[PDB]
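Notes to accompany the following structure.
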Amino acid sequence: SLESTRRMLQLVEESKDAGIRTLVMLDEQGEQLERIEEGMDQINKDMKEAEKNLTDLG
Amino acid sequence: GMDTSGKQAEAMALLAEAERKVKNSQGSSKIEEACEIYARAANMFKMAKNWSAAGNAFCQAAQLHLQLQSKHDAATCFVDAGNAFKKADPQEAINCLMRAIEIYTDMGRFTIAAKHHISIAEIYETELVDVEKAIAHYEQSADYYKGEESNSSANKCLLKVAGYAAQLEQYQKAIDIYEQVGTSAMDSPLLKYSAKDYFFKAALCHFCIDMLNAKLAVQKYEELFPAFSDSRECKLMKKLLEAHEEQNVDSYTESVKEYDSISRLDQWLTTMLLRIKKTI
Amino acid sequence: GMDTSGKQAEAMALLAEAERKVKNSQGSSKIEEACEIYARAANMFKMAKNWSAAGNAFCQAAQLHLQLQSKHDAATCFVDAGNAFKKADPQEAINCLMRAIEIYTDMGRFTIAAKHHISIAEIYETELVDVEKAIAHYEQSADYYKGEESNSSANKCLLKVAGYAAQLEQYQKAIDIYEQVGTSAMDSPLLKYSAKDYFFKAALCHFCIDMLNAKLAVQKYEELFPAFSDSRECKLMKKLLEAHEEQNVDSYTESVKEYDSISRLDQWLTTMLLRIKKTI
Amino acid sequence: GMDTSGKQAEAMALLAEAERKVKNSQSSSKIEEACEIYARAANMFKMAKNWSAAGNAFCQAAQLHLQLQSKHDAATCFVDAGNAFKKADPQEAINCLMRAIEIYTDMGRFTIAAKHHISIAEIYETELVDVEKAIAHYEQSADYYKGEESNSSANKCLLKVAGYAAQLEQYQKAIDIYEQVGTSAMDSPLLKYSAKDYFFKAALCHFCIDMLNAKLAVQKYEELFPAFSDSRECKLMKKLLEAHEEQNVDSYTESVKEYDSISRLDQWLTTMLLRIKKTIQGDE
Amino acid sequence: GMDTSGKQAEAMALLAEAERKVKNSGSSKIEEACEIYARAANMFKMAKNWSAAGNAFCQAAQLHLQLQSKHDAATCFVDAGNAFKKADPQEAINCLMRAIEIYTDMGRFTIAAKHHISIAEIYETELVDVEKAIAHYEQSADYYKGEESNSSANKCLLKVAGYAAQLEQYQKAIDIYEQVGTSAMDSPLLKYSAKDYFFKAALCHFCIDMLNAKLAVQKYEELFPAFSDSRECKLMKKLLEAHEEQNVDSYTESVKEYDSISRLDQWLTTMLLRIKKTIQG
Amino acid sequence: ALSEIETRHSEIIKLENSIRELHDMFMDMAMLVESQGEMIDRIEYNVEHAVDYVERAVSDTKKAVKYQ
Amino acid sequence: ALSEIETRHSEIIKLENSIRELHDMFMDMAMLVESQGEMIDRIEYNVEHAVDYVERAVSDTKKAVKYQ
């Protein structure tokens, strides 16, 4: 029975480490997502201005 | 052969045509066509797994774009040539990457500079077996990332730099980095759990200096936040300190082995414990 | 080598020559070139680690660009100026962020306005040790996000608002927000498991107002959410009510310590518990 | 400032100016400015908390774009008006959404049409509590998603529509959908573990038509998927079938109460169990 | 609503209009014809027809090809292949191969690799040709590796190794498994999983002979120590010890004991059966 | 005797603590994943709008310059 | 024995099986999430390229058309 508890302890420790790694990497993921979200708005605004200017010139 | 021979012949023919065009011109359309066929020949070389020729063609295209009043295309060709040269000669790849970094930072873009510096440092560490240049590159990347308020990337780079510095006998920089990282991570509700580990590492860097410094650092860390007082690591630290104080190496070895049995140890921690036991 | 002497010298030379160029203009290409040189000088100063000069150059470029019909460029320059000024003096960052928010809201989009409001609230909380303006900014951001059916960000902002209101003894708003958020999260396949926690927080607020009110609120919550009847929070609050109903402080302390042993209490929970204990 | 009266007055004056300007022009070049001023008025109304006025302005802008040779802008105005009217006028929002869906499906794009169909079904279910139209819209969205090689969204839509059909006593549709999704998860490495759940649901549906069919379906699932045997759901189903055979309602009640004690059950599970309970109680 | 009949009628009308417009052939006429073909294909897809839509997409792709336009032809061809995914696998494969050929001309490696992966999926899900699937997966893996995409260049290698092991080519499977495990052990995130690869490699070595399995297990243990303290290695040692004396009872008892705690998939049971039938004799 | 009793009493609380920590981590994970999914949906909408406008603008300008 | 040993054994076995399932789930989570991370990293570079290209193109074309 003691060996059983040892096995559960080891397994739960491993699971906790895996969860910790997932949390940190996902924090990085979210930072990247925020960066791309910031960029796309400027993309769209500049494109809209250029399209309106080109249409007006013609 | 099959595809390889045909691809090589086509690439050589394209290179000869580009040489003819550039010698004929010595107008702008001629050089533009020459650089376009240079890029096409580089891609065709990449088809046949001949990285040296593809890198040379990409570098020539970068030079041709540079001689014209264009910069972004030159930087793209530089980074492509460096990536191609990552296989055969790391030095040429490093040169291309530093040129690309300079070009990118000239225009004011700093996000890609950190990635290029990280790639350069990784090449240096893996191929040239050098840590000083890698340390400097990682420090530059961390500063660039922190300039834009990206905390996670800077924290990762600083953690790597601190680990390498502590491996290179330097303790004050490692202790400062660990202290800052732990203090920053403790506040955030997400990364509260891991701070203890950093603290523990810091403690070890303090123990390599002298026992009294380690004891005072442990007391300070415990005072900062009671969570670190968890027996899991604090008990091991106290047992090691007690064994060192009384000049009992058998107890130190027994405690280290008992800790290792339940949970394994890494090369860094193993070497640190070996050093601490040796100095005893 | 990244010595700041050359960077600073180049930046000041560029600034002086651009000021000379703009001054001569007593047709509009002069303003455009002046703004370009201003942006380049600001970027160079940022590379030089001097943030005040970079922010000043950014603000001057923003004003010059806004002098023309183009306005979104002014908003971009102003937000960059605020980011640069976040280090030395937060007041200018707040002013320029407010101006950028005004322009962006005039344009029509609101998500970026909500993000800038969140940044302003964070700056207020971190630097100016003010909570009321932070509360107002969080409320405005939550309203903006809810206007676009952004439930998660609005819920987080409302959570922060309710927490800060509870810190300021404004129990009604805190309980209302906590009840709303708990009810909203009860009907989700992922957030459901957290619906208990919010309720507990609200319940604590009731204890501050009165005892029988807290008991009735607990009964209402349990009837509405039967699964709440097995959580540790309900048992703790039942025990605290039983101890507090007969002027028993010893049992109160034993229950508090027993619950805290399993899980460490945060500043908010421990402060509220101390207030409740001091009540009687 | 934050004063609502001033913003409302400014928006109303701007809308009146735009209306008189468009009326004067009616007496191509000025229609663009009319559209821009209408959009600005709609934005001001939205920030003035007058959702109805903003939706009306968006609809007028959409019509002014429709009369001109432009479709995408008209559809964008349609969705803006629908979202604005979601809070106040559900029917006008539904009309705007369906017109915009028709516009997209005419242009060719499909995924956005599926998302808007799901939104229409959601509003129908949460406000007008009309099960049939929500079911039809979910079926259309699932078909669109499957046609675009999107399986996860199609699987979720199929699950929702099958659950709604089961709530409406149409057991065969739910059974077939659950079996299909169970097989789909069966042939995957990730969802494999959850694959049991779907099958269990199917079993319950069979118990609603006949108990012999329930046994046959349970045996078919067992032979097809051996891992379903060790799961507690199979043991519960077998014990319930045995209790139904012996007509001992007490054993069924005790087993169900114990299963509820170990873990809670959703409304669907309890209502189906109650239906089975009354069916068996009729036998005794 | 309108039923497939009206949509088919409209699509046929559009097709006839495009055919007549191309008949009297110039840029405007061909552009209108290709646009009408695209509209007819979209309507056919709406009408649930999956054969006419593919033909219309192919016709539009050919019309674009004849004109000086390349990526439009590739898009039309990939759309035709997607439409043919449920109509005729051969036509979809041909269209996807043409799209890959067009794409790889300009150096777009990732799209070609994805198309090759889809082609291998077609070849392995319905058709029973595993050699072509292995070749396509190897091509995709090489394409991904050429772009330093080691993370995305490992799944294809694992699939190829598994299929090669299923095809008795144990040397290639062992090499791939060992390479993947060596690459993964360095990564702290993927370290936990690396054990499995090594275990599989051991099985592949056991399929040949017992001494090879013993030496390979010793080599893995020396190279990687944690593999020695895992349940799979315990099973390997028990099986190696038991088989030496021709005792099938111990073999089957250990296999059942391992299966009890955790179930084994088809591949593992097949390999165990092969090993028992081959070496236990 | 009491050694095994204390061992059994000491090998149960740690599991509870680890499990509770895992629970909290998983809950935070779920919330942030939902937020990221919403962000990605907005990302996709913006990208679709941008590409559609690119097609429209390029077609319009090409036809205009062709006709002059 | 009686309830004692049967409870011990049954609960221990069930907990072990569940924990193994959680371990496998977490491994698969990590693999797929790493794939998603590299996918987003791939997005970033092309996003930057597109923004730089569009900015330069619009500036140059506007200047050229205005001067003519």
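Chain labels run A, B, ... following the order of the structure tokens; each chain numbers its residues from 1, and ligands are numbered from 1 in the order shown.
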
Which residues are close to segment 259-268 of chain B, i.e. within 10 Å by only C-alpha atoms, leaving aside same-chain residues fewer than 3 positions away? Reply as a compact mmCIF listing (two decimals) with N, CA and C atoms, in the first residue's frame.
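Contents of selection.txt, as written:
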```txt
# COMPACT_ATOMS: atom_id res chain seq x y z
N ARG A 6 3.47 6.03 -2.95
CA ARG A 6 4.67 6.55 -3.60
C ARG A 6 4.42 6.79 -5.09
N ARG A 7 3.79 5.82 -5.75
CA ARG A 7 3.51 5.96 -7.18
C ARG A 7 2.57 7.14 -7.45
N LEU A 9 2.19 9.81 -5.60
CA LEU A 9 2.94 11.03 -5.34
C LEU A 9 3.80 11.41 -6.54
N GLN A 10 4.54 10.43 -7.07
CA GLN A 10 5.39 10.70 -8.23
C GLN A 10 4.57 11.17 -9.42
N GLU A 13 3.24 14.73 -8.95
CA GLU A 13 4.31 15.71 -9.12
C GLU A 13 4.62 15.93 -10.60
N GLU A 14 4.71 14.85 -11.37
CA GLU A 14 4.96 14.99 -12.80
C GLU A 14 3.85 15.79 -13.48
N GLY B 163 21.51 31.29 -15.70
CA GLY B 163 21.98 29.92 -15.62
C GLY B 163 23.38 29.76 -16.18
N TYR B 164 23.63 30.33 -17.36
CA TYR B 164 24.95 30.21 -17.96
C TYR B 164 26.01 30.91 -17.11
N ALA B 166 25.97 31.51 -13.84
CA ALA B 166 26.22 30.68 -12.66
C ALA B 166 27.04 29.46 -13.02
N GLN B 167 26.85 28.92 -14.23
CA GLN B 167 27.71 27.83 -14.69
C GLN B 167 29.15 28.30 -14.88
N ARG B 232 9.17 21.13 1.43
CA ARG B 232 9.69 20.36 0.31
C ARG B 232 11.13 20.73 -0.01
N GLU B 233 11.43 22.03 -0.08
CA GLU B 233 12.77 22.51 -0.37
C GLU B 233 13.45 23.16 0.83
N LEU B 236 15.16 20.51 2.98
CA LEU B 236 16.41 20.07 2.38
C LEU B 236 17.50 21.11 2.55
N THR B 253 25.58 13.51 2.20
CA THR B 253 25.37 12.55 1.12
C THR B 253 24.04 11.81 1.30
N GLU B 254 23.72 11.43 2.54
CA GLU B 254 22.47 10.72 2.79
C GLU B 254 21.27 11.60 2.43
N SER B 255 21.31 12.87 2.83
CA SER B 255 20.20 13.77 2.52
C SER B 255 20.07 13.99 1.02
N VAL B 256 21.20 14.18 0.33
CA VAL B 256 21.15 14.39 -1.12
C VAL B 256 20.58 13.15 -1.81
N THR B 271 25.85 19.21 -10.16
CA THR B 271 27.16 19.85 -10.08
C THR B 271 27.22 20.84 -8.93
N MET B 272 26.15 21.60 -8.71
CA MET B 272 26.14 22.56 -7.61
C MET B 272 26.27 21.84 -6.27
N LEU B 273 25.53 20.75 -6.09
CA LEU B 273 25.62 19.98 -4.85
C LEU B 273 27.01 19.36 -4.69
N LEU B 274 27.59 18.88 -5.79
CA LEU B 274 28.94 18.33 -5.72
C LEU B 274 29.94 19.39 -5.28
N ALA E 226 16.49 7.27 -17.11
CA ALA E 226 15.11 7.17 -16.66
C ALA E 226 14.38 6.01 -17.33
```

Using only C-alpha atoms, which protein or nucleic acid residues come within 8 Å of segment 219-231 of chain C? Drop anything in the same chain fewer than 3 positions from it, and give the result as an mmCIF file with N, CA and C atoms, in the first residue's frame.
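The resulting file, result.cif, is reproduced below:
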```
data_model
loop_
_atom_site.group_PDB
_atom_site.id
_atom_site.type_symbol
_atom_site.label_atom_id
_atom_site.label_comp_id
_atom_site.auth_asym_id
_atom_site.auth_seq_id
_atom_site.Cartn_x
_atom_site.Cartn_y
_atom_site.Cartn_z
ATOM 1 N N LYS C 196 -19.020 28.808 -7.976
ATOM 2 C CA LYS C 196 -19.052 28.803 -6.518
ATOM 3 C C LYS C 196 -18.248 29.965 -5.948
ATOM 4 N N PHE C 199 -19.760 33.452 -5.675
ATOM 5 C CA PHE C 199 -20.826 33.491 -4.681
ATOM 6 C C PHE C 199 -20.248 33.666 -3.285
ATOM 7 N N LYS C 215 -27.136 34.820 6.236
ATOM 8 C CA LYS C 215 -27.778 33.509 6.300
ATOM 9 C C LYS C 215 -28.820 33.356 5.196
ATOM 10 N N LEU C 216 -29.646 34.386 5.000
ATOM 11 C CA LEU C 216 -30.662 34.332 3.954
ATOM 12 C C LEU C 216 -30.022 34.269 2.572
ATOM 13 N N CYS C 234 -19.093 26.866 1.724
ATOM 14 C CA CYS C 234 -20.372 26.817 2.423
ATOM 15 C C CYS C 234 -20.208 26.263 3.832
ATOM 16 N N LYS C 235 -19.422 25.194 3.985
ATOM 17 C CA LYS C 235 -19.208 24.623 5.311
ATOM 18 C C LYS C 235 -18.496 25.612 6.227
ATOM 19 N N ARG D 264 -23.177 14.423 -9.476
ATOM 20 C CA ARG D 264 -24.405 15.082 -9.887
ATOM 21 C C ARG D 264 -24.692 14.809 -11.362
#
```

Interface, chain C side, toward chain A (12 Å; only C-alpha atoms) as a PyMOL selection string: chain C and resi 70-73+75-76+104+107-112+115-116

With 12 Å as the cut-off and only C-alpha atoms counted, what is the closest atom pair between each nearby residue of chain F and chain C? Distances in Å to one decimal, ordered by chain and number, as CSV.
```
residue,atom,partner,partner_atom,distance
F:13,CA,C:262,CA,8.7
F:14,CA,C:262,CA,10.0
F:15,CA,C:262,CA,11.6
F:16,CA,C:262,CA,8.7
F:17,CA,C:262,CA,7.2
F:18,CA,C:262,CA,10.9
F:19,CA,C:262,CA,11.7
F:20,CA,C:263,CA,8.8
F:21,CA,C:263,CA,9.5
F:23,CA,C:193,CA,10.1
F:24,CA,C:194,CA,9.7
F:26,CA,C:190,CA,10.5
F:27,CA,C:194,CA,7.5
F:28,CA,C:194,CA,9.6
F:29,CA,C:190,CA,10.1
F:30,CA,C:190,CA,6.5
F:31,CA,C:191,CA,6.8
F:32,CA,C:152,CA,9.2
F:33,CA,C:190,CA,9.8
F:34,CA,C:152,CA,8.0
F:35,CA,C:152,CA,6.3
F:36,CA,C:152,CA,9.9
F:37,CA,C:152,CA,10.7
F:38,CA,C:150,CA,8.2
F:39,CA,C:150,CA,9.6
F:41,CA,C:150,CA,11.5
F:42,CA,C:150,CA,10.3
```

Secondary structure check, helix (DSSP H, G or I) residues of segment 59-264 of chain E, as number ranges by chain: E: 59-66, 71-84, 89-105, 109-125, 130-145, 155-166, 170-186, 188-206, 210-223, 226-229, 231-243, 248-261

One-decimal distance in Å that lies between atom CA of residue 10 of chain G and atom CA of residue 12 of chain A: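 Taking atom CA of residue 12 of chain A and atom CA of residue 10 of chain G, their separation equals 18.9 Å.
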